[PDB]
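Pasting start16.txt here (compact mmCIF, C-alpha atoms and all ligand atoms):
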```
# COMPACT_ATOMS: atom_id res chain seq x y z
CA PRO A 1 56.17 32.79 19.90
CA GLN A 2 53.20 33.78 17.81
CA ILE A 3 53.41 37.22 16.28
CA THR A 4 50.19 38.80 15.08
CA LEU A 5 50.24 41.23 12.21
CA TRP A 6 48.14 44.09 13.52
CA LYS A 7 51.40 46.06 13.72
CA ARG A 8 54.74 45.70 11.96
CA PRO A 9 56.50 42.54 13.20
CA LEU A 10 59.57 44.20 14.58
CA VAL A 11 62.11 42.36 16.69
CA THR A 12 65.50 43.03 18.21
CA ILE A 13 68.46 41.50 16.51
CA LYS A 14 72.10 41.33 17.43
CA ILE A 15 74.49 41.61 14.50
CA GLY A 16 78.11 42.69 14.39
CA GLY A 17 78.04 43.20 18.17
CA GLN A 18 75.23 45.74 17.74
CA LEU A 19 71.56 45.66 18.67
CA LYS A 20 69.14 46.75 15.98
CA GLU A 21 65.41 46.68 15.39
CA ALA A 22 64.36 44.76 12.28
CA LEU A 23 61.22 43.71 10.45
CA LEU A 24 60.40 40.01 10.04
CA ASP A 25 59.67 40.10 6.33
CA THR A 26 58.32 37.08 4.48
CA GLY A 27 58.32 39.16 1.26
CA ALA A 28 62.12 39.59 1.43
CA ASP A 29 64.25 36.82 -0.02
CA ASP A 30 67.32 38.25 1.71
CA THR A 31 68.21 40.09 4.89
CA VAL A 32 69.04 43.76 4.41
CA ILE A 33 70.51 45.92 7.15
CA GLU A 34 71.28 49.67 7.24
CA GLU A 35 74.88 50.79 6.95
CA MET A 36 77.21 49.16 9.43
CA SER A 37 80.59 47.47 9.41
CA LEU A 38 80.83 43.69 9.30
CA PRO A 39 84.01 41.62 9.27
CA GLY A 40 85.22 39.56 6.39
CA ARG A 41 84.90 39.81 2.74
CA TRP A 42 82.01 41.15 0.79
CA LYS A 43 80.88 41.71 -2.79
CA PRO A 44 78.49 44.25 -4.29
CA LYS A 45 74.92 43.40 -5.21
CA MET A 46 71.87 45.24 -6.54
CA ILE A 47 68.48 44.49 -5.01
CA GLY A 48 65.18 45.75 -6.27
CA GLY A 49 61.74 46.32 -4.89
CA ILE A 50 59.15 49.04 -4.96
CA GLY A 51 60.74 52.28 -6.20
CA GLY A 52 63.66 50.47 -7.90
CA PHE A 53 67.09 49.17 -6.91
CA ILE A 54 69.73 49.95 -4.33
CA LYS A 55 73.34 48.81 -4.21
CA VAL A 56 74.37 46.80 -1.15
CA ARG A 57 77.39 44.93 0.18
CA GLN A 58 76.89 41.17 0.49
CA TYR A 59 78.55 39.53 3.49
CA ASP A 60 78.30 35.75 3.77
CA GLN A 61 78.39 33.52 6.87
CA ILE A 62 77.32 36.23 9.31
CA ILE A 63 75.92 35.19 12.62
CA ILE A 64 72.85 37.02 13.77
CA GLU A 65 70.64 36.56 16.83
CA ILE A 66 66.98 37.21 15.90
CA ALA A 67 64.64 37.64 18.85
CA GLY A 68 66.97 35.36 20.82
CA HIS A 69 67.47 32.68 18.13
CA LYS A 70 70.90 32.33 16.53
CA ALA A 71 71.27 31.82 12.84
CA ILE A 72 73.96 32.21 10.21
CA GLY A 73 73.63 33.38 6.68
CA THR A 74 74.16 36.13 4.18
CA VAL A 75 73.50 39.70 5.18
CA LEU A 76 73.19 42.57 2.73
CA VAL A 77 74.24 45.99 3.99
CA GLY A 78 73.15 49.25 2.38
CA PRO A 79 70.74 52.16 2.29
CA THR A 80 67.57 50.32 3.14
CA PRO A 81 64.83 52.40 4.74
CA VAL A 82 64.19 49.66 7.32
CA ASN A 83 66.27 46.70 8.59
CA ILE A 84 64.71 43.57 7.10
CA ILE A 85 65.06 39.93 8.19
CA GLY A 86 64.31 38.00 5.08
CA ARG A 87 63.55 34.37 4.36
CA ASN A 88 67.17 33.29 4.24
CA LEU A 89 67.31 33.79 8.02
CA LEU A 90 63.62 33.31 8.85
CA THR A 91 63.88 29.70 7.77
CA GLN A 92 66.79 29.13 10.17
CA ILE A 93 64.81 30.24 13.19
CA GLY A 94 61.91 28.02 12.13
CA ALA A 95 59.50 30.84 11.25
CA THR A 96 56.32 29.97 9.47
CA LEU A 97 53.23 31.85 8.34
CA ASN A 98 50.06 30.27 9.67
CA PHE A 99 46.39 30.80 8.85
CA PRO B 1 47.97 26.17 6.39
CA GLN B 2 51.45 26.34 7.84
CA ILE B 3 53.71 27.95 5.23
CA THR B 4 57.45 27.53 5.55
CA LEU B 5 59.76 30.06 3.98
CA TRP B 6 62.28 28.01 2.03
CA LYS B 7 60.56 29.35 -1.10
CA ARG B 8 58.62 32.54 -1.64
CA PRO B 9 55.17 32.36 -0.01
CA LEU B 10 53.21 32.74 -3.22
CA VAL B 11 49.51 32.09 -3.32
CA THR B 12 46.67 32.51 -5.72
CA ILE B 13 44.35 35.42 -5.18
CA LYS B 14 41.09 36.27 -6.92
CA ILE B 15 40.16 39.86 -7.54
CA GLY B 16 37.69 41.14 -10.14
CA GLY B 17 36.89 37.49 -10.99
CA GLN B 18 40.48 36.92 -12.10
CA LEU B 19 43.16 34.77 -10.59
CA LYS B 20 46.55 36.28 -9.89
CA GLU B 21 49.67 35.18 -8.04
CA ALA B 22 50.72 37.23 -5.03
CA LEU B 23 53.32 37.18 -2.28
CA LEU B 24 52.27 36.94 1.38
CA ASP B 25 54.33 39.75 2.77
CA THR B 26 54.60 40.48 6.45
CA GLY B 27 56.93 43.38 5.69
CA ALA B 28 54.20 45.18 3.72
CA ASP B 29 51.75 47.33 5.62
CA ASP B 30 49.42 47.46 2.63
CA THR B 31 48.45 45.29 -0.32
CA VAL B 32 49.84 46.40 -3.68
CA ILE B 33 48.77 44.84 -6.98
CA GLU B 34 49.89 45.51 -10.53
CA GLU B 35 47.86 47.60 -12.91
CA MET B 36 44.32 46.35 -13.25
CA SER B 37 40.80 47.73 -13.37
CA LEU B 38 38.84 48.03 -10.12
CA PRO B 39 35.46 49.62 -9.57
CA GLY B 40 34.72 52.88 -7.86
CA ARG B 41 36.74 55.93 -6.98
CA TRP B 42 40.32 55.93 -5.92
CA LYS B 43 42.46 58.17 -3.73
CA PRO B 44 46.13 58.93 -4.03
CA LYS B 45 48.83 57.29 -1.96
CA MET B 46 52.61 57.36 -1.96
CA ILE B 47 54.42 54.27 -0.76
CA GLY B 48 58.09 53.92 0.02
CA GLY B 49 59.84 50.76 -0.87
CA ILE B 50 63.46 49.72 -0.84
CA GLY B 51 64.21 51.78 -3.95
CA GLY B 52 62.24 54.96 -3.23
CA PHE B 53 58.63 56.10 -3.43
CA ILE B 54 55.98 55.36 -6.02
CA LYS B 55 52.44 56.65 -6.56
CA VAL B 56 49.59 54.21 -6.38
CA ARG B 57 45.84 54.30 -6.66
CA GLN B 58 44.04 53.37 -3.42
CA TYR B 59 40.76 51.51 -3.80
CA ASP B 60 38.85 50.78 -0.63
CA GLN B 61 36.50 47.92 0.25
CA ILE B 62 37.52 45.65 -2.59
CA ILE B 63 36.45 42.01 -2.52
CA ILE B 64 39.49 39.79 -2.76
CA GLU B 65 40.08 36.07 -2.09
CA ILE B 66 43.54 35.07 -0.81
CA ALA B 67 44.46 31.39 -0.90
CA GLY B 68 40.75 30.62 -0.68
CA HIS B 69 40.09 33.00 2.23
CA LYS B 70 37.69 35.85 1.58
CA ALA B 71 38.68 39.42 2.48
CA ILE B 72 37.25 42.85 1.74
CA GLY B 73 39.61 45.81 2.09
CA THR B 74 41.99 48.27 0.58
CA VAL B 75 43.99 47.45 -2.51
CA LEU B 76 46.68 49.75 -3.86
CA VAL B 77 47.18 49.54 -7.61
CA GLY B 78 50.39 50.67 -9.23
CA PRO B 79 53.71 49.77 -10.71
CA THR B 80 54.80 47.28 -8.12
CA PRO B 81 57.28 44.60 -9.26
CA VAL B 82 55.27 41.78 -7.60
CA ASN B 83 51.73 41.54 -6.27
CA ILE B 84 52.01 41.73 -2.49
CA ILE B 85 49.48 40.87 0.12
CA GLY B 86 50.27 43.08 3.08
CA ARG B 87 49.21 43.11 6.67
CA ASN B 88 45.93 44.90 6.04
CA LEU B 89 44.67 41.69 4.39
CA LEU B 90 46.91 39.15 6.16
CA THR B 91 45.08 40.14 9.31
CA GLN B 92 41.73 39.55 7.65
CA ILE B 93 42.68 35.98 6.82
CA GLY B 94 43.98 35.35 10.34
CA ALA B 95 47.67 35.04 9.51
CA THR B 96 50.38 34.99 12.13
CA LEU B 97 54.10 34.46 12.15
CA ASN B 98 55.23 31.63 14.41
CA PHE B 99 58.62 30.33 15.57
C1 LIG A 101 58.42 44.64 -2.33
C2 LIG A 101 58.76 43.21 -1.93
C3 LIG A 101 58.53 42.31 -3.18
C4 LIG A 101 60.24 43.10 -1.50
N1 LIG A 101 60.54 43.94 -0.35
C5 LIG A 101 60.14 43.41 0.93
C6 LIG A 101 58.91 44.15 1.45
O1 LIG A 101 58.38 43.47 2.59
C7 LIG A 101 59.15 45.63 1.73
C8 LIG A 101 59.92 45.78 3.07
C9 LIG A 101 60.11 47.27 3.33
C10 LIG A 101 59.36 47.88 4.33
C11 LIG A 101 59.48 49.22 4.58
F1 LIG A 101 58.78 49.84 5.56
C12 LIG A 101 60.37 49.99 3.83
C13 LIG A 101 61.10 49.37 2.84
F2 LIG A 101 61.94 50.13 2.11
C14 LIG A 101 61.01 48.01 2.55
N2 LIG A 101 57.85 46.32 1.82
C15 LIG A 101 57.62 47.45 1.12
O2 LIG A 101 58.30 47.77 0.14
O3 LIG A 101 56.60 48.19 1.61
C16 LIG A 101 56.43 49.45 0.93
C17 LIG A 101 55.38 49.25 -0.16
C18 LIG A 101 54.03 49.42 0.50
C19 LIG A 101 53.55 48.16 1.21
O4 LIG A 101 52.76 48.69 2.29
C20 LIG A 101 53.62 49.68 2.88
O5 LIG A 101 54.53 48.91 3.67
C21 LIG A 101 55.58 49.66 4.23
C22 LIG A 101 56.29 50.50 3.23
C23 LIG A 101 55.77 50.45 1.84
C24 LIG A 101 54.29 50.33 1.69
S1 LIG A 101 62.00 44.67 -0.41
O6 LIG A 101 62.18 45.40 0.84
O7 LIG A 101 61.95 45.50 -1.65
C25 LIG A 101 63.24 43.47 -0.59
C26 LIG A 101 63.87 42.93 0.52
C27 LIG A 101 64.86 41.97 0.32
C28 LIG A 101 65.15 41.51 -0.92
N3 LIG A 101 66.03 40.54 -1.22
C29 LIG A 101 66.27 40.34 -2.51
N4 LIG A 101 67.09 39.40 -2.86
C30 LIG A 101 67.37 38.97 -4.20
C31 LIG A 101 66.25 39.10 -5.23
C32 LIG A 101 67.41 40.09 -5.19
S2 LIG A 101 65.30 41.47 -3.38
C33 LIG A 101 64.58 42.16 -1.97
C34 LIG A 101 63.69 43.13 -1.88
CL CL A 102 71.92 32.75 3.45
CL CL A 103 61.25 23.63 8.28
NA NA A 104 81.95 36.22 5.33
```
Please re-express this file's structure in structure tokens.
Amino acid sequence: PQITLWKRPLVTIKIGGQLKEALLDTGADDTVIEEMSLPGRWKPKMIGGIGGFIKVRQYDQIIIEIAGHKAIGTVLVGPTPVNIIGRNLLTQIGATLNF
Amino acid sequence: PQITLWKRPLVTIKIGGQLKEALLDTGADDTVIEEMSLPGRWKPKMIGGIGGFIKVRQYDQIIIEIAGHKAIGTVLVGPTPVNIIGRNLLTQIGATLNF
């Protein structure tokens, strides 16, 4: 698909058995999801952006389905204002920016 | 171009006759650049990032070149950690996300 950018590029994802809405975000290195439980081990991380840093839990080798495309990678979980699909998973679904 | 996302999608921009690096950011509604001097009047804006809100200066109808593509639109100036080209200007250069 081709997603224009007139509006936020929001898609449905499936993660942890849950459906969520998330932003396809080429400015995010990593994928950051609002608070939820995920299985397996995790470690803490700080991530920073506008307004400063938040603490998140880093879960590795998490399968996600992004607009119907499965991928695996690291997911950060914490108090993000919006669920973000970052480049670590955008690459896996073959997403590119074109102009 | 077709820009893959294995590395950050950084490009050169030109604003006020000066070259700067900036991130093509589909998760940004607006374009936010570090402190610099721009002509004309500005208006206040608050923007909420991952860490909280910051105050920026909004300048409208600013001439800006992004990766060689000419745009004229709103630039927010403030203490952002990275220069980000958001959707208001990504749309002017005809960018889409594709997968
Ligand atoms: C600022 C940018 C360099 C990085 N951000 C990604 C952005 O696309 C971010 C995504 C995001 C959208 C949103 F709606 C609310 C958020 F909290 C975060 N946009 C804004 O901050 O927009 C804000 C700044 C202005 C841009 O125009 C408007 O857009 C919407 C909201 C705001 C204004 S981020 O969310 O802070 C982000 C995401 C993952 C990520 N991964 C990291 N990994 C390793 C280095 C540590 S750091 C990191 C930071
Ligand atoms: Cl990953
Ligand atoms: Cl590729
Ligand atoms: Na794991």
List as a PyMOL selection string the protein and nucleic acid residues near stretch 86-97 of chain B, meaning an atom at most 8 Å away when all atoms listed in the file are counted, but skip any in the same chain fewer than 2 places from it.
(chain A and resi 2-7+95-99) or (chain B and resi 24-32+66+69-74+84+99)
Deliver the residues from the most recent selection as a file, using C-alpha atoms, as a short mmCIF file (atom, residue, chain, number, x, y, z; two decimals), in the frame of the given file.
```cif
data_model
loop_
_atom_site.label_atom_id
_atom_site.label_comp_id
_atom_site.auth_asym_id
_atom_site.auth_seq_id
_atom_site.Cartn_x
_atom_site.Cartn_y
_atom_site.Cartn_z
CA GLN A 2 53.20 33.78 17.81
CA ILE A 3 53.41 37.22 16.28
CA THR A 4 50.19 38.80 15.08
CA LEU A 5 50.24 41.23 12.21
CA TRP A 6 48.14 44.09 13.52
CA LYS A 7 51.40 46.06 13.72
CA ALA A 95 59.50 30.84 11.25
CA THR A 96 56.32 29.97 9.47
CA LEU A 97 53.23 31.85 8.34
CA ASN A 98 50.06 30.27 9.67
CA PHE A 99 46.39 30.80 8.85
CA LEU B 24 52.27 36.94 1.38
CA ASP B 25 54.33 39.75 2.77
CA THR B 26 54.60 40.48 6.45
CA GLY B 27 56.93 43.38 5.69
CA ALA B 28 54.20 45.18 3.72
CA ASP B 29 51.75 47.33 5.62
CA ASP B 30 49.42 47.46 2.63
CA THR B 31 48.45 45.29 -0.32
CA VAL B 32 49.84 46.40 -3.68
CA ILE B 66 43.54 35.07 -0.81
CA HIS B 69 40.09 33.00 2.23
CA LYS B 70 37.69 35.85 1.58
CA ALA B 71 38.68 39.42 2.48
CA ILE B 72 37.25 42.85 1.74
CA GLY B 73 39.61 45.81 2.09
CA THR B 74 41.99 48.27 0.58
CA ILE B 84 52.01 41.73 -2.49
CA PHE B 99 58.62 30.33 15.57
#
```
I'd like the superposed copy of chain A - fitted to chain B by least squares over all paired Cα atoms - as a CSV table (one decimal) with C-alpha atoms, in the frame of the given file.
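What landed in selection.csv:
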```csv
chain,number,residue,atom,x,y,z
A,1,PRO,CA,47.8,25.8,6.3
A,2,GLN,CA,51.4,26.2,7.4
A,3,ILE,CA,53.6,27.9,4.9
A,4,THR,CA,57.4,27.4,5.3
A,5,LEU,CA,59.7,30.1,4.1
A,6,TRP,CA,62.3,28.2,2.1
A,7,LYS,CA,60.8,29.7,-1.0
A,8,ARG,CA,58.7,32.9,-1.5
A,9,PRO,CA,55.2,32.5,0.0
A,10,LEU,CA,53.2,32.9,-3.1
A,11,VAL,CA,49.5,32.2,-3.3
A,12,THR,CA,46.7,32.6,-5.8
A,13,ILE,CA,44.3,35.4,-5.2
A,14,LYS,CA,41.1,36.4,-6.9
A,15,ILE,CA,40.6,40.1,-7.2
A,16,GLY,CA,38.4,42.1,-9.7
A,17,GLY,CA,37.3,38.8,-11.3
A,18,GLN,CA,40.9,38.0,-12.1
A,19,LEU,CA,43.3,35.4,-10.7
A,20,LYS,CA,46.8,36.6,-9.8
A,21,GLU,CA,49.8,35.2,-8.0
A,22,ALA,CA,50.8,37.3,-4.9
A,23,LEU,CA,53.3,37.3,-2.1
A,24,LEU,CA,52.2,36.9,1.5
A,25,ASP,CA,54.2,39.8,2.9
A,26,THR,CA,54.4,40.5,6.6
A,27,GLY,CA,56.7,43.5,5.8
A,28,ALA,CA,54.0,45.2,3.8
A,29,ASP,CA,51.5,47.3,5.7
A,30,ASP,CA,49.3,47.4,2.6
A,31,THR,CA,48.3,45.3,-0.3
A,32,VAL,CA,49.8,46.3,-3.6
A,33,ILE,CA,48.7,44.9,-6.9
A,34,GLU,CA,50.1,45.4,-10.5
A,35,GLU,CA,48.0,47.5,-12.9
A,36,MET,CA,44.4,46.4,-13.2
A,37,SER,CA,41.0,48.0,-13.2
A,38,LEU,CA,38.9,47.9,-10.1
A,39,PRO,CA,35.4,49.4,-9.7
A,40,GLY,CA,34.5,52.3,-7.5
A,41,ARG,CA,36.3,55.3,-6.5
A,42,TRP,CA,40.0,55.7,-5.8
A,43,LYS,CA,42.5,58.3,-4.7
A,44,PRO,CA,46.2,58.6,-5.3
A,45,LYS,CA,48.9,57.6,-2.8
A,46,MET,CA,52.7,57.3,-2.7
A,47,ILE,CA,54.2,54.3,-1.1
A,48,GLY,CA,57.9,53.8,-0.3
A,49,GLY,CA,60.3,51.0,0.2
A,50,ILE,CA,63.7,50.0,-1.0
A,51,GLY,CA,64.6,52.1,-4.0
A,52,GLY,CA,62.1,54.8,-3.2
A,53,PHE,CA,58.5,55.6,-3.9
A,54,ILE,CA,55.9,54.7,-6.4
A,55,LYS,CA,52.5,56.3,-7.0
A,56,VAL,CA,49.5,54.0,-6.7
A,57,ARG,CA,45.7,54.2,-6.8
A,58,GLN,CA,44.0,53.4,-3.5
A,59,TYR,CA,40.7,51.5,-3.8
A,60,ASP,CA,38.8,50.9,-0.5
A,61,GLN,CA,36.4,48.1,0.4
A,62,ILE,CA,37.7,45.6,-2.3
A,63,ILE,CA,36.9,42.0,-1.8
A,64,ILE,CA,39.7,39.6,-2.4
A,65,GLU,CA,40.0,35.9,-2.0
A,66,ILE,CA,43.5,34.9,-0.8
A,67,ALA,CA,44.3,31.2,-1.0
A,68,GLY,CA,40.6,30.5,-0.7
A,69,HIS,CA,39.9,32.9,2.2
A,70,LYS,CA,37.7,35.9,1.5
A,71,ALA,CA,38.6,39.3,3.0
A,72,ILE,CA,37.8,42.9,2.3
A,73,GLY,CA,40.0,45.9,2.6
A,74,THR,CA,42.0,48.5,0.8
A,75,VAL,CA,44.0,47.6,-2.3
A,76,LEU,CA,46.7,49.8,-3.8
A,77,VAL,CA,47.2,49.4,-7.6
A,78,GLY,CA,50.3,50.5,-9.4
A,79,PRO,CA,53.7,49.6,-10.8
A,80,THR,CA,54.8,47.2,-8.2
A,81,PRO,CA,57.4,44.6,-9.3
A,82,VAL,CA,55.4,41.9,-7.5
A,83,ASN,CA,51.8,41.6,-6.2
A,84,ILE,CA,51.9,41.9,-2.5
A,85,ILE,CA,49.3,40.8,0.2
A,86,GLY,CA,50.1,43.0,3.1
A,87,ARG,CA,49.1,43.0,6.7
A,88,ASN,CA,45.8,44.8,6.1
A,89,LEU,CA,44.5,41.6,4.5
A,90,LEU,CA,46.7,39.1,6.2
A,91,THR,CA,45.0,39.9,9.5
A,92,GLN,CA,41.6,39.2,8.0
A,93,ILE,CA,42.5,35.7,6.9
A,94,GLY,CA,44.0,35.0,10.4
A,95,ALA,CA,47.6,34.8,9.3
A,96,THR,CA,50.3,34.7,11.9
A,97,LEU,CA,54.0,34.3,12.0
A,98,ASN,CA,55.1,31.5,14.3
A,99,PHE,CA,58.5,30.4,15.6
```
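With only C-alpha atoms and all ligand atoms as the atoms that count, the minimum distance from ligand LIG 101 (chain A) to the choices B:56, B:85, B:80, B:50 is reached by B:50.
The residue that comes closest to ligand NA 104 (chain A), out of A:46, A:33, A:11, A:63 and on the basis of only C-alpha atoms and all ligand atoms, is A:63.
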Would you mind reading off the distance between atom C19 of ligand LIG 101 (chain A) and atom CA of residue B:48, one decimal, in Å?
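Here the two named atoms are 7.4 Å from each other.
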Per-residue nearest contacts of chain A to ligand NA 104 (chain A) (12 Å; all atoms listed in the file) as JSON lines:
```
{"residue": "A:16", "atom": "CA", "partner": "A:NA104", "partner_atom": "NA", "distance": 11.8}
{"residue": "A:38", "atom": "CA", "partner": "A:NA104", "partner_atom": "NA", "distance": 8.5}
{"residue": "A:39", "atom": "CA", "partner": "A:NA104", "partner_atom": "NA", "distance": 7.0}
{"residue": "A:40", "atom": "CA", "partner": "A:NA104", "partner_atom": "NA", "distance": 4.8}
{"residue": "A:41", "atom": "CA", "partner": "A:NA104", "partner_atom": "NA", "distance": 5.3}
{"residue": "A:42", "atom": "CA", "partner": "A:NA104", "partner_atom": "NA", "distance": 6.7}
{"residue": "A:43", "atom": "CA", "partner": "A:NA104", "partner_atom": "NA", "distance": 9.9}
{"residue": "A:57", "atom": "CA", "partner": "A:NA104", "partner_atom": "NA", "distance": 11.1}
{"residue": "A:58", "atom": "CA", "partner": "A:NA104", "partner_atom": "NA", "distance": 8.6}
{"residue": "A:59", "atom": "CA", "partner": "A:NA104", "partner_atom": "NA", "distance": 5.1}
{"residue": "A:60", "atom": "CA", "partner": "A:NA104", "partner_atom": "NA", "distance": 4.0}
{"residue": "A:61", "atom": "CA", "partner": "A:NA104", "partner_atom": "NA", "distance": 4.7}
{"residue": "A:62", "atom": "CA", "partner": "A:NA104", "partner_atom": "NA", "distance": 6.1}
{"residue": "A:63", "atom": "CA", "partner": "A:NA104", "partner_atom": "NA", "distance": 9.5}
{"residue": "A:72", "atom": "CA", "partner": "A:NA104", "partner_atom": "NA", "distance": 10.2}
{"residue": "A:73", "atom": "CA", "partner": "A:NA104", "partner_atom": "NA", "distance": 8.9}
{"residue": "A:74", "atom": "CA", "partner": "A:NA104", "partner_atom": "NA", "distance": 7.9}
{"residue": "A:75", "atom": "CA", "partner": "A:NA104", "partner_atom": "NA", "distance": 9.1}
{"residue": "A:76", "atom": "CA", "partner": "A:NA104", "partner_atom": "NA", "distance": 11.1}
```
Since we have the selection now, will you write its residues out, keeping C-alpha atoms, as a PDB file, in the coordinates of the input?
```pdb
ATOM      1  CA  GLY A  16      78.110  42.690  14.390  1.00  0.00           C
ATOM      2  CA  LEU A  38      80.830  43.690   9.300  1.00  0.00           C
ATOM      3  CA  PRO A  39      84.010  41.620   9.270  1.00  0.00           C
ATOM      4  CA  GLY A  40      85.220  39.560   6.390  1.00  0.00           C
ATOM      5  CA  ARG A  41      84.900  39.810   2.740  1.00  0.00           C
ATOM      6  CA  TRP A  42      82.010  41.150   0.790  1.00  0.00           C
ATOM      7  CA  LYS A  43      80.880  41.710  -2.790  1.00  0.00           C
ATOM      8  CA  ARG A  57      77.390  44.930   0.180  1.00  0.00           C
ATOM      9  CA  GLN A  58      76.890  41.170   0.490  1.00  0.00           C
ATOM     10  CA  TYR A  59      78.550  39.530   3.490  1.00  0.00           C
ATOM     11  CA  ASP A  60      78.300  35.750   3.770  1.00  0.00           C
ATOM     12  CA  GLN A  61      78.390  33.520   6.870  1.00  0.00           C
ATOM     13  CA  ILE A  62      77.320  36.230   9.310  1.00  0.00           C
ATOM     14  CA  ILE A  63      75.920  35.190  12.620  1.00  0.00           C
ATOM     15  CA  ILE A  72      73.960  32.210  10.210  1.00  0.00           C
ATOM     16  CA  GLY A  73      73.630  33.380   6.680  1.00  0.00           C
ATOM     17  CA  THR A  74      74.160  36.130   4.180  1.00  0.00           C
ATOM     18  CA  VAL A  75      73.500  39.700   5.180  1.00  0.00           C
ATOM     19  CA  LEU A  76      73.190  42.570   2.730  1.00  0.00           C
TER      20      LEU A  76
END
```
Quick one: of A:36, A:54, A:10, A:77, who's nearest to chain B, counting only C-alpha atoms?
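Distance minimum relative to chain B lands on A:54.
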Looking at A:13, A:44, A:21, A:52, which one is nearest to chain B, with distances taken over only C-alpha atoms?
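Ranked by minimum distance to chain B, first place goes to A:52.
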Could you check which of A:20, A:55, A:45, A:14 is closest to chain B, using only C-alpha atoms?
A:55
